[PDB]
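Chemist: So I've got this experimental structure, pasted below with the sequence.
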Amino acid sequence: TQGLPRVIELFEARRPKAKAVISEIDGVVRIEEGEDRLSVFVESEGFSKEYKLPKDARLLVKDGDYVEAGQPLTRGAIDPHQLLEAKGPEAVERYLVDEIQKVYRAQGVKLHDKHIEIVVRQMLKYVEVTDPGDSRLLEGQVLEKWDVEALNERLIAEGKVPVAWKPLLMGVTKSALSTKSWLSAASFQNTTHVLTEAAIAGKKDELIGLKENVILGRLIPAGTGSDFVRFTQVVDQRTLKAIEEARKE
Amino acid sequence: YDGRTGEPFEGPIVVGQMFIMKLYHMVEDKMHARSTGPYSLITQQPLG
Amino acid sequence: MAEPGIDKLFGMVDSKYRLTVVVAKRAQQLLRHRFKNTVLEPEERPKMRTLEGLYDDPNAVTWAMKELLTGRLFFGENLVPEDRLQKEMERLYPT
Amino acid sequence: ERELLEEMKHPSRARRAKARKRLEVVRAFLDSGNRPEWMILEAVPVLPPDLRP
């Protein structure tokens, strides 16, 4: 597939048509049989993992070749969820960006990677718990807010459980969906679920993002509405010394 | 020959009669500008 | 004919938006006192062409930027508290 | 909370993803300020007139 459909496929972390098999394990390649049935083995010392192909499939490892942890066997597109678990979160990030660009580039478009990066990182915002310290053992949690517990219960109040987690490739939509602040969350496909829930828990916003404050009619937390700049006062020569002569009174 | 300045356009120009139509659209019907006024009693934002 | 002296203006500040905020905050005071507040006065004040002679440009922000551009004003990020800021403000012919 | 933190450890793991589920709502309500039962309204409020003209 090409064009915009690809860019969505990508930005949405979507397990495509012609997943074109990757080897789960390292090892040595062995193509076997033609026309009748086509299968490929990547068997190292110990394990012998077998990858049955369509037969029509245009595989791109010839017999004998040595192979890599998550290396493509077959051609086609690659599942970004299969890549996550086989070969980590960075390798994922690096696939997404470089593939998304593979199209804008291929066409005519020139844009900087950082944009795509900024977005891609958000696809990696959350992680699911395995064996917790405080909360229930299954919940999805923001990568940072788990460090708010991991490197918290292993320093000052050290002990209990560091909270083990798993890397969690969220598609662009899904990730947008699971977004802390209820105000923002409300604007998506089912506003009731949000509010119902957020009402039960004394949930609070804090209104960090923008989608939030525009909803309220508040002054956007960016540009001139950035905490880092909007408090800036300007005092004016004679105003300053005259303001100084009523301070020691 | 340049109207503004009788001096000739340097290098020849294709000139001739071309049938040209006036289309359904016109600036008359478009082009609107408000400062203030009629606020809807329902939605409370300016409309009509 | 881009903003007059803006390259200099962007360099005066850390984050550009700060620039806006100062221009604004100044064009603010510079309005809420009939311009009896200028730092630039003499023959520095910006002006207007007409069916008539040079009149005092009536654009606060335009004045604000000319003003700032002379190092004669200061950006307190937190200098002089907001409670005392509206105090000695309404003094030198405000109403 | 108790009866569930116990139904946390020794289940048949089938309907154990419903035992855990219960607590999210339980503990939510627990450190909230929300007394449940407020989910059932005695008085129904009326939206102010000018917001429904």
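Modeler: Here it is on my side, so go on. Residues are numbered from 1 along each chain as shown, chains lettered A, B, ... in the order given.
Chemist: who does the longest helix belonging to chain D touch, helix- and strand-wise?
Modeler: As assigned by DSSP state H, the longest helix anywhere in chain D is helix D:19-30. Judged by 3 or more C-beta pairs under 8 Å, 6 or more residues apart in numbering or on different chains; DSSP states H and E, helix D:19-30 is in contact with helix A:191-200, helix D:2-6. C-betas here are computed from N, CA, C, even on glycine.
Chemist: Can you check which of the ones you listed gets nearest to chain C?
Modeler: Counting by C-beta to the nearest C-beta, chain C lies closest to helix A:191-200 out of these; the figure is 32.0 Å.
Chemist: what sits up against that closest one?
Modeler: For helix A:191-200, contacts defined as C-beta atoms under 8 Å, 6 or more residues apart in numbering or on different chains pick out A:182, A:185, A:186, A:188, A:203, D:25, D:28, D:29, D:32, D:34.
Chemist: Give the closest residue to the third one in space, chain neighbours not counted.
Modeler: Leaving aside its sequence neighbours, residue A:186 sits nearest to residue A:194 (C-beta to C-beta, 6 or more residues apart in numbering or on different chains; 5.0 Å).
Chemist: again with the fourth one
Modeler: In this structure, residue A:188 finds its nearest non-sequential neighbour in residue A:177, 6.1 Å apart by C-beta to C-beta, 6+ apart.
Chemist: burial of the one you found, as a residue count?
Modeler: Counted by other C-beta atoms under 10 Å in any protein chain shown, the residues lying close to residue A:177 total 14.
Chemist: Taking chain B, what residue is nearest to chain C?
Modeler: residue B:35 (19.2 Å).
Chemist: Next, the contact list for that residue, please.
Modeler: No contacts exist for residue B:35 under C-beta under 8 Å, 6+ apart.
Chemist: roughly how far apart are it and chain A?
Modeler: Distance of residue B:35 to chain A, computed by C-beta to the nearest C-beta, to the nearest Å: 22 Å.
Chemist: centroid residue for chain D?
Modeler: residue D:25 (3.6 Å; C-alpha atoms, centre = their mean).
Chemist: residues near the spatially closest residue to it that is not a sequence neighbour, how many?
Modeler: Using C-beta to C-beta, 6+ apart and skipping residues adjacent in sequence, the residue nearest residue D:25 is residue A:200, 6.6 Å away. Residue A:200 has 17 neighbours, counted by other C-beta under 10 Å.
Chemist: what's the answer for residue D:37, then?
Modeler: 7.
Chemist: Which secondary structure state does it sit in?
Modeler: coil (DSSP: H, G, I helix; E, B strand; the rest coil).
Chemist: Ok, residue A:6 next?
Modeler: With three-state DSSP as the criterion, residue A:6 reads helix.
Chemist: OK, contacts around the spatially closest residue to it that is not a sequence neighbour?
Modeler: Take residue A:6 and drop its neighbours on the chain: the residue closest to it by C-beta to C-beta, 6+ apart is residue A:103, 5.2 Å away. Taking C-beta under 8 Å, 6+ apart, we find residue A:103 in contact with A:2, A:3, A:6, A:7.
Chemist: Tell me where chain A has helices.
Modeler: So, for chain A - with DSSP H - the helices run A:3-11, A:80-87, A:90-107, A:113-122, A:143-150, A:172-177, A:182-186, A:191-200, A:210-216, A:238-244.
Chemist: Within range of chain D, give me the residues from chain C.
Modeler: Proximity of chain C to chain D, by C-beta under 8 Å from any C-beta of the partner chain, involves no residues.
Chemist: Please enumerate the strands of chain C.
Modeler: With strands called from DSSP state E, chain C shows them at C:47-50, C:52-56, C:74-76.
Chemist: Mean neighbour count, those strands: which tops it?
Modeler: Compared across the strands of chain C, strand C:74-76 shows the largest average neighbour count, a mean of 16 (mean count of other C-beta atoms under 10 Å in any protein chain shown).
Chemist: Just the residues contacting that one, thanks.
Modeler: A:232, A:233, A:234, A:235, A:236, A:240, C:13, C:18, C:22.
Chemist: out of those, who has the most neighbours?
Modeler: So for those (other C-beta under 10 Å), the most neighbours sit at residue C:22, 24 neighbours.
Chemist: shouldn't it be in contact with residue C:13?
Modeler: Yes. With contact defined as C-beta atoms under 8 Å, residue C:22 counts as touching residue C:13 (7.2 Å).
Chemist: Get me the contact residues on chain A for chain C.
Modeler: So chain A meets chain C at A:223-224, A:226, A:228-237, A:239-240, A:242-243, A:246-247 (C-beta under 8 Å from any C-beta).
Chemist: From these, which land in strands?
Modeler: Using DSSP E, these in strands are A:233, A:234, A:235.
Chemist: Among those, which one lies nearest to chain D?
Modeler: For these, the nearest to chain D is residue A:233 (38.0 Å; C-beta to the nearest C-beta).
Chemist: Tell me the bridge partners for that closest one.
Modeler: Note on residue A:233: beta-bridge partners by DSSP bridges are residue C:76.
Chemist: That one contacts residue C:84, correct?
Modeler: No. The criterion here is C-beta under 8 Å, and residue A:233 misses it with residue C:84 at 10.8 Å.
Chemist: Highest neighbour count among the contacts of helix A:191-200?
Modeler: residue A:185 (23 neighbours).
Chemist: do you know how far that residue is from chain D?
Modeler: 16 Å.
Chemist: can you check residue A:14 too?
Modeler: For residue A:14 relative to chain D (C-beta to the nearest C-beta), the value is 26 Å.
Chemist: Give the burial count for the nearest residue to that residue once chain neighbours are set aside, as a bare number.
Modeler: Nearest residue to residue A:14, sequence neighbours excluded (C-beta to C-beta, 6+ apart): residue A:171, at 6.7 Å. By other C-beta under 10 Å, 18 other residues sit near residue A:171.
Chemist: Hmm, residue A:10 and residue A:171 touching each other?
Modeler: No. Look at residue A:171 against residue A:10 with C-beta under 8 Å: they stay out of range, at 9.4 Å.
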